[PDB]
Structure formats: C-alpha cells, structure tokens
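This report refers to the structure that appears directly beneath it.
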Number of protein chains: 2
Amino acid sequence: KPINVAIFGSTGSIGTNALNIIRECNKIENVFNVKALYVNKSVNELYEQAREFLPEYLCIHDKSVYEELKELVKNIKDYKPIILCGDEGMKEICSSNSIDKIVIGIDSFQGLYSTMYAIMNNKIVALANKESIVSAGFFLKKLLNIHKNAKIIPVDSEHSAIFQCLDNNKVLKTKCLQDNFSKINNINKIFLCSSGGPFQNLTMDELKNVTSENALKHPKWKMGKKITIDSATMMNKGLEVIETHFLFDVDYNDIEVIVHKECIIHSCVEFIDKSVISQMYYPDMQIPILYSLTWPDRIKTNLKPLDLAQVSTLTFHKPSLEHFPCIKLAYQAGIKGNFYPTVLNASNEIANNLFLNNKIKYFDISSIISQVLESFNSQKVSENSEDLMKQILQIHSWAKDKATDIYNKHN
Amino acid sequence: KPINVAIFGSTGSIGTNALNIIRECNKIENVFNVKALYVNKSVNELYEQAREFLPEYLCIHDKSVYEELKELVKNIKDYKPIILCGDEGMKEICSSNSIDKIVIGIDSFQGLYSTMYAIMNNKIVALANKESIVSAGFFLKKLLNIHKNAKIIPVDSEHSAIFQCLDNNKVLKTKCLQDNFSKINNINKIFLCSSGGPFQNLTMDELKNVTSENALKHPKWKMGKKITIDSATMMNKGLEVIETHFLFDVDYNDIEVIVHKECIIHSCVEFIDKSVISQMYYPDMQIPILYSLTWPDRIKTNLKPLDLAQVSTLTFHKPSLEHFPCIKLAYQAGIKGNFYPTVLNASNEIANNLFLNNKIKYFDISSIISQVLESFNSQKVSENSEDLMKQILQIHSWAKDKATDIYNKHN
Ligand SMILES: NC(=O)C1=CN([C@@H]2O[C@H](COP(=O)(O)OP(=O)(O)OC[C@H]3O[C@@H](n4cnc5c(N)ncnc54)[C@H](OP(=O)(O)O)[C@@H]3O)[C@@H](O)[C@H]2O)C=CC1
Ligand SMILES: NC(=O)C1=CN([C@@H]2O[C@H](COP(=O)(O)OP(=O)(O)OC[C@H]3O[C@@H](n4cnc5c(N)ncnc54)[C@H](OP(=O)(O)O)[C@@H]3O)[C@@H](O)[C@H]2O)C=CC1
Ligand SMILES: CCCCCCOc1cccc([C@H](SCC(=O)N(C)O)P(=O)(O)O)c1
Ligand SMILES: CCCCCCOc1cccc([C@H](SCC(=O)N(C)O)P(=O)(O)O)c1
Ligand SMILES: [Mn+2]
Ligand SMILES: [Mn+2]
C-alpha cells in the first residue's frame, strides 16, 4: 500500500538525495513508487535516472532537449513512459491521480510555479525550495486556504526540525502556512540553527576580499551553487527566518538565529510553558526528505546512529550582523512585510549570481540588496489570486532589474 | 474548569516545587485547585502549607503527630478541612471524586503504596517517585492493565523529557508502563542524560575517601538526602535506566547513559528512522511537574527563557563504570529481571543510608549491593495481584536485612 511520489529537480542536490533515501528505504521494504522525474536540461542524467527508476512520467523543462530525451529513452527496453516538456508537462504531472506527494527540489523563484500547481491539485508538497515561500508567502497561504487537502511539508532542514518538534495531535488540527498555527501548537519562540558557513571566523578585512571559490567549499555534501553562496553570506538564514514566519506563524521578534557550527541540533521550538524541544542528527538531508514523505508516521532506516559521546561538544553563538549584514536585511524586509520579501529574494538572486561569477565583492551583495529594498515602495495587495501572482511576478522582475542596474551603474 | 490536584509528600523537595509552580501558574490564571496535602511527620510545615493553600483534605502519616496537627489547624479561622491520618487517610484521599491528579513526591519504596492506590482509583498519577517503578514495575503494569483510565505521567526529569519528546497522537493510542509502547511510538533507543553528580572528576584514590558531606553539596536546588546520595554514586541513574525500561518498554541494550554536566538537554529519544528528539531547559523540576499536570496540553508560564548563546557549550561523555560501578549493577539487575530490581533498590536503600550516616565508604555501597544481588535467586512471579505485592514486600525486606547483615558482619 505504497507512496506514489514525484521528484521535481531530480538531478540536483535535493533530488539525488531524495532518490537515494528512497532507494535505501525500498531495500528494507517497498514503500515508495517513483512515479515522475522532472528536470530543466540535464537530459543525460535524467536518462540515467529513468533507466534505474523507470517512472511512469518524465519531463524536461527545456524544449530544446526534448527530442534528445525521447531519443535516449528509446534505448531503455520494455519501458514506455509518458515523456513531457515544459510548464505543460509539469501541470499534467501535478494533475495525475497516480501521484500523492511531490518533492520540490527546484531552485530559486522558479520553484514557485510547480509549488503552486502542486497545491492547486491538492497534493502533499514536500517543499525544499524556500524562495517560493519567501517570495509568495501570502499567496501560498491563500491557495492553501482554498485547497483544503493540499499541504506543505517542510524539507528545509531547520523547518523539518521545527515541524518534527511539534505534537502531531495539534498539527493535525491545522497545517503549515496557516493563520493561528503557532497558537494551536502552543509555539512561543524559535531557535533557528545555522552552520555559520565557511566565513564564520574571518575578520572584516578578510571578508572584504573573499571569493566565490572560497565560498563554494561547503563541507559535508554538495549543494547547489546558489544555496552554497547564500550559506556563505548567511542570506540563506535570512531567507529561512522569513520562511519560518510563514510556515509556522511566528513573529519575527520570536525567531532567533543561533550559529551552531557542529550542525547536530537542527533547530529548536520553545513552547508557551518555556519547555524547549529540538531535533537532532548528523548534518544531513535524508531525514528531512524522508520525514516529509512519511509524516505523520516514521519508518525504519539503517542510517548511522547519532553518538553523543562521539560528538562530545555542541556550541552556540550569536552571528555578527556587521559580518553578516544579509541577516539584518532579511529581518527588516520580513518585518516591513508587503512585497519586501519578494524584493529581498529577487535582489539577492542577482547579487548572489554576480558574486558567484566574480563580478562583485562580498559586501557589495548586501549593499545592492539594501539599495533595492530602500528603493521599493509598498503596494496594495491584489485581492484576486491570479492578479496577486502577476503582481508578485512584476515586483520580482523589477527588483532583479534594479539590482542589475545598480551593478551596471557602479561599473 | 480547573484541575483538582493532590500533593503527596508536600513538604519535601518535589512537593514544595510542585506547590511553587502551582502558585505561579495560578497568578497567570486559576487552573489548579490544591485539594489535598499529605506528609509523614512535618506537622508544623504542613500546618503552614494548610494556612496558605486551604485544601479540602490534610493527612499526616505519623499517628503520633495527628492530634498536634488537629490542634494547629484550629488556629486557621473559617477553614474546616478533613484531617486524616495514616494509610487509611491516604486511601480515603485516593478515593475522592474531587481529585483528578495525584503528585507522588514521597521518597523510597514507601512511595509505592500511595502510587498503587492512586492507580486503583483510576487517577492520573504524576509520579516523581522512581523506587516504586524499579521495585514493582511488573506489578504496576498489571494494575494499569486492569485500571484502564489510570495513567502514570512521569515527573522524573529525564522521563518527563522522554515523554515530552513523543508524539501525543501516538501516546494517546496507549499509555506509559504498557507492553508495546515503544512499538506504538516508533522508539528505537534512549539517551538518558546525567548531571554526573559531584564526584564526576575525582580519581579512584579520591573516590575511595569521599564522605556524605562532600556528596550532599548538589548545585542547583535542594533535593532530598536520598536522591542526593544516589546522584553522587550514579545509582540514581542506574535506577532511572530500569525506570526507563518499564515506563517506555525499551530494552536495556537500547538505553545509553550519557553524562551531560550542563543539564540543559534533559534526555533524548531516537526514533526508528534514527531522527533524534530531545527536551531542553535549565536544570529544574518545575517544567516536569507542570507538564505532568497539563499533559496532553501546555499552559503559559513566566519561567526564565532558555538562552542558547548564554549556555554557549554543551558536553557529553560516557560515565566510567569503574568509578561508578552502581550503574553496571543496575543494568545487570535489570537484564536479569525477575525481582532483581527489587533487590537492587532495597539493598541500595540500606547502603545509601549507611554512607549518609558515615558508617561505610563509597566503594562499600557497590560492594554491598553487588553481594546482595549475588545472593538472590529468582522466584516464580505470583499470578495473583495481592500475592505479587506480598512477594515484592518480602523480597524488599529480605534484601534490606541482607544488606544490613553484610554491613554488620564486616563490623
Ligand atoms: N541542497 C540542499 O541540501 C538544500 C537545498 N534546499 C533548497 O532546495 C532547492 C534546490 O536546491 P539544490 O538541490 O541545492 O539545487 P541544485 O542546483 O543542486 O538543483 C536544482 C534542480 O532544479 C532543477 N531545475 C531548475 N530549473 C528547473 C525547471 N524550470 N524545471 C524543472 N527543474 C528545474 C535542476 O535541473 P537541471 O539539473 O536540469 O539543471 C536541478 O535538478 C533550493 O530552493 C534550495 O534552497 C534547501 C535545503 C538544503
Ligand atoms: N528532589 C527532586 O528534584 C527529585 C526527586 N525525585 C524523586 O521524588 C521522590 C521524592 O524525593 P524528594 O522530594 O527529594 O524527597 P524529600 O526527602 O525531599 O521529600 C520526601 C517527602 O515524602 C514525605 N513522606 C515520607 N514518608 C511519607 C509517608 N509515609 N507518607 C506520606 N508522606 C511521606 C515527606 O514528609 P515529611 O516532610 O513529613 O518527612 C516529604 O514530604 C523520590 O522518590 C525521588 O527519587 C525525582 C526526581 C527529582
Ligand atoms: C560536518 C561539519 C559541518 C557540516 C556543515 C554542513 O552544512 C550545513 C548544515 C546545516 C545547515 C546548513 C545551511 S545551508 C543548507 C540548508 O539550508 N540546509 C541543510 O537546510 P546554513 O549555513 O545556512 O546554516 C549548512
Ligand atoms: C547548574 C549546574 C548544574 C546543576 C546540577 C543539577 O542536578 C541535576 C540535574 C539533572 C539531573 C540530576 C540527577 S539527580 C536528580 C534527578 O533525578 N532529577 C532532576 O530528575 P543525576 O545526577 O542522577 O543525573 C541532577
Ligand atoms: Mn536550511
Ligand atoms: Mn531524574
């Protein structure tokens, strides 16, 4: 009586992690059917996944590699998947009755489109992509109010942690990204743990001159380049503060970022009695992904057991906002509300990418973002769902262009 | 629509802690009625509590201070409690329909009697007393199977922690101290945290010569002398391993003692997927006591918030069994089963008390306990509930006398 699951962004960090925990779990007993795989342009890698997982559906977003994908799949014998392309392909998969849960491991604002269609089709959405939440929080809430059986289950590790700390008895009275969620769950405050990233011990002088190469060495697993840069600036944690606010209905004043370099405590929830519950494991994404797919239950795994004596020491310190100004900008944008989160996310997409490509320096990232936020003026929020999406899209693109403009004017 | 609560052992460490969190909570809103107070012989202190809390019932176990208690209560005007005495008084309170929950803060094996009557009357039992569980685990289970609406809610801090880490959605399918509890809750393994006590850094040479005075300095709050000595020997943790086994149906091989000297993580549960959940706060008994009385809900308090940056470092190390042989003896007794836990608890009562009164040295505690365990032979467990209690009582007294004998023969 197994779980039918689609992986969106199957060839990326989250996607290959998700396929990995799926494969391992299926050895212990067959609980997952991989029904669909969706990627952007990694046609050869998708082919290879197809040969292993033989899903009912395959989709590739980039129209130019569509034929090529079809040609490659011909070489798998006794396998006749539905091979699809683009937004249309994505919508057809979201609307399949043979699909219960969708892992969203697509990066950036782009992730919002599949997230939205997943909800609209009343699916369980195992959402790793945080940019969607940060950019479109209010919209997603409204969609979730309309689509009663849709649910977002957080995969982002801290958010998974937070969610796992909750009493499902309370959780089942509501769902994530809903008014009153913190009241129903007796949540008072959140400790949002951070690795601190590679620059955590640098002086201001050293930070001035760090390069994307320095940033790209992230210890444990290979993540996408975008989150890796965000981890280096701690804008990733800035985004995750906003994500926390939206997922769990916690005020910004009740979200504390704490640098926990050992990455064993993944985050913590203080309840209204001041008791604190935390989730712990080695730094890893297999449990967040797995839990999203088994919630409200847990299944057996053969993961390496946490050994506290082996860990020995766990440390906690506040991040320096002077060293990590991206954190402050995120708090400011979150507290300001309106579409300030959209602008924050958009301007960061551009700043992140410029720094990645060695066009700007570290403190230029924050300086560009800060200037875009300063130039933005609050807009009335559309009451209508389709208009609100168009509004989100226009502000997102304006904010990207504005970021690019600031860059181009200082070049 | 408030909670009617009785405090057994009201004048002791747990009892005064329980009255304290009750008083504080009642300021935020009136949720608790203190319906009964029960003590052994602290007649003046009980009088004072009576004047403050004006409970419906008062009981004093020691018959010789009964009249005196009655005389003192005369001096409270417009207050006419039911003033009772002894086992009879205890049974009358347990059988009151005006009492929903009973905090058991009576020490030692003696605690079992009120625990048993509480269960027999279908009450919620907020059980701090662990000696009852260790000595009579199998019996309590059978009583709980018969009394469907009786429940033990753990107050012992690690056990509270463990219980708070569970999903109440699963918990409500069962109850503590029941077959299959770990299966229903997907529990795989327990990390049982320990302060390590005052002798944690002594050499073997230093341990040889420690005194009860050295032992009695326990940092944070004043606990009873008995648990304080047990903390010094780590027999307290030995007892808590057995308690864990019985409360949560976890095998001894899945219970790991870990010394966590900062006492922030109070204990941790590994689920079958290897995700770990822990409960955290400052070292304190107010939250364990409070949770026992509000479960399955939580209420607002004004307790001091946990501040992870302030804590800064958390450490974990395995205890040395050579330094703390009491731990090993407890594991051995637990694994052996039968009435070996009874004997362990009984012989420790005597050894603890001898060391308290400067009659023996530190390693004599373990040596006496070990010898009593070695002299014990498994007995067939009575099938009948009343006979099983008599059997528990006979073995408990035999084991005390045996401990005393070993002492007297080496003196
Ligand atoms: N890596 C991690 O451990 C964590 C990541 N996250 C979040 O998860 C998301 C994914 O990150 P990560 O896995 O690192 O990113 P990667 O760059 O590693 O992977 C991105 C994936 O998305 C696919 N993709 C891109 N555009 C499209 C599109 N239009 N349609 C379909 N698929 C598309 C890519 O396909 P292609 O291969 O064809 O380019 C690729 O499979 C991000 O939002 C990130 O913040 C959150 C927590 C941790
Ligand atoms: N202190 C703590 O923080 C913790 C304690 N515990 C457990 O809780 C229990 C209580 O410990 P603690 O509070 O330290 O002990 P204390 O010695 O501080 O208090 C014992 C209490 O029990 C009462 N008592 C003794 N015999 C009887 C009797 N026959 N009838 C009624 N009341 C009686 C005493 O009354 P009187 O004042 O008249 O002598 C006193 O009120 C123990 O089993 C201990 O292991 C567990 C976790 C932590
Ligand atoms: C074993 C030596 C430590 C290994 C460090 C592994 O990296 C981690 C570990 C945890 C968190 C993160 C963040 S980025 C990726 C992310 O968002 N995740 C995983 O949810 P952060 O830097 O923003 O806090 C990175
Ligand atoms: C602030 C500096 C640290 C303060 C230490 C406070 O003492 C504690 C703290 C926690 C545990 C205990 C044990 S004894 C008492 C007990 O059983 N409890 C509270 O449930 P242990 O020694 O057996 O682990 C004692
Ligand atoms: Mn994260
Ligand atoms: Mn304890």
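Order of the sequence lines sets the chain letters (A, B, ...), proteins ahead of strands, with each chain counted from 1. Atom set for the values below is all heavy atoms of this structure, side chains included, hydrogens, waters and symmetry mates excluded. Counting starts at 1 for both ligands and their atoms, in listed order.
Side-chain contact annotation: B:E240 with B:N236, donor-acceptor N/O pair under 3.5 Å present. Counting only N and O atoms by type, the side chains of B:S275 and A:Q164 include a donor and acceptor under 3.5 Å apart.
Of the candidates A:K237, A:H266, A:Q279, A:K130, A:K237 is the only one forming a side chain to side chain donor-acceptor pair (under 3.5 Å) with A:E158.
Within a 6.0 Å sphere centred on NZ of A:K226, other residues, nucleotides and ligands contribute more than 12 heavy atoms. With a 6.0 Å radius and a threshold of 12 heavy atoms from other residues, nucleotides or ligands, B:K91 has its NZ atom above the threshold. Atom NZ of A:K220 has more than 12 heavy atoms from other residues, nucleotides or ligands within 6.0 Å. Other residues, nucleotides and ligands contribute over 12 non-hydrogen atoms within 6.0 Å of the NZ atom of A:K318. Other residues, nucleotides and ligands place no more than 12 heavy atoms under 6.0 Å from the OH atom of A:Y117.
The protein heavy-atom contact nearest to atom 18 (N) of ligand 3 is A:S157 OG, 3.5 Å. Among all protein heavy atoms, the one lying closest to atom 15 (C) of ligand 3 is A:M223 SD, 3.4 Å. In terms of protein heavy atoms, atom 3 (C) of ligand 3 is closest to A:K261 O, 4.0 Å. Residue, atom and distance of the protein heavy atom nearest to atom 13 (C) of ligand 3 are A:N236 ND2, 3.8 Å. From the protein, the heavy atom lying nearest to atom 17 (O) of ligand 3 is A:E240 OE2, 2.9 Å.
Contact atoms of ligand 3 toward A:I227: 15 (C), 16 (C), 17 (O) (distance under 4.0 Å to a heavy atom of the residue). Near A:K237, the atoms of ligand 3 lying under 4.0 angstrom from a non-hydrogen atom of the residue are 21 (P), 23 (O), 24 (O). Within ligand 3, the atoms closer than 4.0 Å to a non-hydrogen atom of A:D156 are 17 (O), 18 (N), 20 (O), numbered from 1 in the order shown. Under a 4.0 Å criterion applied to the non-hydrogen atoms of A:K130, ligand 3 contributes the atoms 17 (O).
The side chain of A:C263, and not its backbone, has at least one atom closer than 4.0 Å to an atom of ligand 3 (non-hydrogen atoms only; side chain from C-beta on).
The salt bridge (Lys or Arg N to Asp or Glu O under 4.0 Å) check on A:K304 picks up nothing, with sequence neighbours excluded. Applying the salt bridge (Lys or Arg N to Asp or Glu O under 4.0 Å) rule to B:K225 yields no partners; only residues at least two apart in sequence or on another chain are considered. Contacts of B:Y113 classified as side chain to side chain donor-acceptor pair (under 3.5 Å), with partners at least two apart in sequence or in another chain: none.
Using a 4.0 Å cutoff on heavy atoms, A:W221 counts as a contact of ligand 3.
Note on ring orientation: taking the six-membered ring where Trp is involved, the planes of A:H61 and A:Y38 are tilted (angle from 30° to 60°).
Residue-level contacts of ligand 1 at the 4.0 Å heavy-atom threshold are A:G9, A:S10, A:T11, A:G12, A:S13, A:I14, A:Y38, A:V39, A:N40, A:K41, A:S42, A:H61, A:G105, A:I106, A:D107, A:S108, A:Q110, A:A128, A:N129, A:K130, A:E131, A:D156, A:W221, A:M223, A:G224, A:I227, A:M285.
Between the choices A:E262, A:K220, A:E158, A:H218, the shortest heavy-atom distance to atom 7 (O) of ligand 3 belongs to A:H218.
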